[PDB]
Amino acid sequence: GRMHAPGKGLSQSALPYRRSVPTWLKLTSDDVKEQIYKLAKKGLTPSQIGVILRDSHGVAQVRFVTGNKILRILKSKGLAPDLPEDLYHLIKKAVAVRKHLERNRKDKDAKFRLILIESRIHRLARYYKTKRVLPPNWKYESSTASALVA
Amino acid sequence: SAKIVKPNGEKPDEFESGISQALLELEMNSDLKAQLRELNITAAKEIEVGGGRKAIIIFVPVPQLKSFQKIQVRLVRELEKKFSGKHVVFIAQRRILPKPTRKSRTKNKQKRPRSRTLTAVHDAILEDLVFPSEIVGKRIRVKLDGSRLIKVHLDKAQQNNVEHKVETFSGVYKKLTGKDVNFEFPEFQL
Amino acid sequence: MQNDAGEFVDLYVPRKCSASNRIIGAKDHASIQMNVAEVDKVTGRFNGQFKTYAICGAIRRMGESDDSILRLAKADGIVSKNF
Amino acid sequence: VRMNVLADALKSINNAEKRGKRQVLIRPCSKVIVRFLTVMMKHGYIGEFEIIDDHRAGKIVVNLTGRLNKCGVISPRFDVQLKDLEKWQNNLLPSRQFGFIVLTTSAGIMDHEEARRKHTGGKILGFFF
Amino acid sequence: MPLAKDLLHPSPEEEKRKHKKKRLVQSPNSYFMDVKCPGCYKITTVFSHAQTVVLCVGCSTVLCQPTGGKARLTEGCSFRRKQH
RNA sequence: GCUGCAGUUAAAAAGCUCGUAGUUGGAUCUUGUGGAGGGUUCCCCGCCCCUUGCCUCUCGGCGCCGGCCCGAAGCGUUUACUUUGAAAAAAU
């Protein structure tokens, strides 16, 4: 079930058994890497590169054409960001609710939902700090949070 | 030079120098001169199959094999035409490293890659034999005596390229790994 | 049941259900024994020869005896492995 | 969440045997499940079985013969020594004449009668009769 | 389900009816197709559950629009699946 | 009540949700032929790929007409588990 809601829905992707590239695909490994390097200059995060490539080109799974996952391809050229994808989007969501509560102090539902976002930031940062993606002295703060996404 | 097969001390054998001569002389005609370049064949053998006939196995080094498969559809058809009624397969020169935990010397200074495990090598050898066709799925049957059989499903397109060689695939995989395999076609596939 | 001299010591050996391989008890009054006629292959007529099955009372009351008798009659030659 | 896979496999067989079904599907598969099934099959309590590859841990289909009264798991994998094995078979078995405890030992997964011939102790996995 | 149906050989009409994650082995319902338009005729490839508003190499303003399920084509000349 | 109890109505589930310590945590990384004891395939030797996994010294006996071999040692990533040795008053 979901970690902070009573729901237990089932929707997700389902990959095929066959890992091979199909015979009709015209692209090749190093031309797929150059298209990844061009899309990264526009500020697109790794999750957005994979949908642009799936929708408008033949590549269903980049990992099956090129033997690497696309965050590794960007890191080996220094093109990847420092703060990771999901922790960036969680911190960007918490500053929007805090801008609401400064003028709407009667909104007790918004007060409750902010506890459930910031406790999910603390759980994900504690994971990245043990795997050396973040400094041991890294800390989310309710005053500093606006400066993390500028 | 000729006699390209095997490490020092093993090289002079008549059969294996014969197959490697028959490979390296074929670059001299104008068609395969466009696409062969004296590329290494590491070994070859001639082996018995269940009908009382014979077949040959050719061993190719890993960084060369991605180029051999791109021309194998003509190159094996020329070799199966030239030899005396034989069947041919190309396979990779894979190495297995031993289990580090209490079955080898081990230390922190180098780690065994999972690409060098026995399981990752034996299930890659199965893909080389069938090459003109693609594996659609596997099943394993355990018998009342405690033995195993593997059932392999092959794609329904390209039947004409492999149906006459399933009887050599079982005998070759038996002699490369010690295991019984059957090759079959699906009822339907999604 | 046998002893170390190899002789048998049960009162009787009870029957088992043909569909299910479980023992039919002395008070299972919902259970049955079915009996079915064989016919000669030249003229389709009764020769006095027959086949038999026994069915558990628990399988009858859940409604599974009709399909069990059919599977048994296809496993023997009677329904001839086509339908 | 799913804390233990062997307990699912045996509970799934045990519910199918009591309904009188002729086959059952076990998912996820494991190296421990395939070795436990093999010990029941070698003693004659189940039929033969087949494994399906799906690239995600796999599945098993098993054939049932109607002979099995029960199979089960002891959840903490307690250690046992040869002097204490008598107390466990006095607790868990229906008679001295039939039924088996299953142990894991450094000589392999095995029947509690084989552990006495091999002079070895181990950890408890489960039982059948 | 009767007492005795075998589980190793589902018919293709038993398998096509059930959810993608609950089949005997998993497989997607989505597909790739090749698409073509009037005025400029360079053929292009599209995914049937697209989220992007696709623009063709022929520079027309919309090839297809996104939707809560399958994307809908702008009356293009092909909806033909690729075979594999 | 560990083995081994109970909590709809007999005694008994915090009004509801978050959360640090504590307890618990998914799949995966080397096998069959030959010989002895015993069977009609598996437990001890030697093998498809590694069988103590390596290695080459030097103080130190062996085998033979200097040189090449076979028992120590560096040691096998660290522990629980299990089986075996040693060492623990008498009386009860």
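This entry, so its header tells us, was determined using electron microscopy, 2.9 Å.
Heads up, the Cβ atoms here are built off N, Cα and C, so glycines get one too.
Look at Swiss-Prot and you will find C:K41 tagged as SUMO2 cross-link, backed by similarity to another entry. Counting every protein chain shown, the number of other Cβ atoms lying within 10 Å of the Cβ of C:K41 (SUMO2 cross-link) is 7.
Among the features that Swiss-Prot reports, N-acetylmethionine is placed at C:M1. A 10 Å cutoff on Cβ-Cβ distances gives C:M1 (N-acetylmethionine) a total of 9 other Cβ atoms nearby, all chains included. In the three-state DSSP scheme, C:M1 (N-acetylmethionine) falls into the coil class.
Other Cβ atoms within 10 Å of the Cβ of C:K81 (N6-acetyllysine) number 7 in total over all chains. According to its DSSP assignment, C:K81 (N6-acetyllysine) is coil. Here Swiss-Prot flags C:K81 as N6-acetyllysine, drawing on similarity to another entry.
Cα of C:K81 (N6-acetyllysine) to Cα of C:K41 (SUMO2 cross-link): a distance of 17 Å. Here the CA atom of C:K41 (SUMO2 cross-link) lies 43 Å from the CA atom of C:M1 (N-acetylmethionine).
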